[PDB]
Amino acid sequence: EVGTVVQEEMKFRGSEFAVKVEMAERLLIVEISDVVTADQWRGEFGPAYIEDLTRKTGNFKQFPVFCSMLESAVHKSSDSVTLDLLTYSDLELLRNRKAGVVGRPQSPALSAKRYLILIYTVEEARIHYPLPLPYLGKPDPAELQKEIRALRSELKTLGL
């Protein structure tokens, strides 16, 4: 069976995005779509990556705990977790602000990528876990129409 999916729309630095998170026992999929342009970014994450990422960020979390935190953030179901969406440049700035450092190229793919930041509140502190999301481009009309037909048919079935 397919893993647990949550998806909600929200605004990040001036624009509206759809945020989709799919969770399985050892797999986290994050898919973000610009609602207006249909641009998409997507990352897939396993336990080792996630557990390494949380450590490097400064506050280790086990893979299923991290995923539950992300789920709550998409649902806006806990004050302790929120989200942001950053370019590489903005994440560098954030890294510099957090380290109290002043602050000093970028490939096409790097400029195009985005980072979903899971922002976790502990005490009065904020911990910014960055999930890198490679740019996918825009999706295919034939493929989307296929999905649409399937969804309508399921609506049609369950109705009867």
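Throughout, we count residues from 1 along the sequence that is shown.
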| item | value |
| --- | --- |
| Between the two ranges 121 to 129 and 87 to 95, the one averaging a larger CA B factor in the entry | 87 to 95 |
| Higher-B stretch (mean Cα B-factor, as the entry records it), 108 to 116 or 40 to 48 | 108 to 116 |
| Which of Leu53, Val102, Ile29, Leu70 ranks first by CA B-factor in the deposited coordinates | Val102 |
| Top Cα B factor in the deposited entry, candidates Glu147, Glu16, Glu25, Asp140 | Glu25 |
| Within-chain third of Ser77 by Cα B-factor, per the entry | highest |
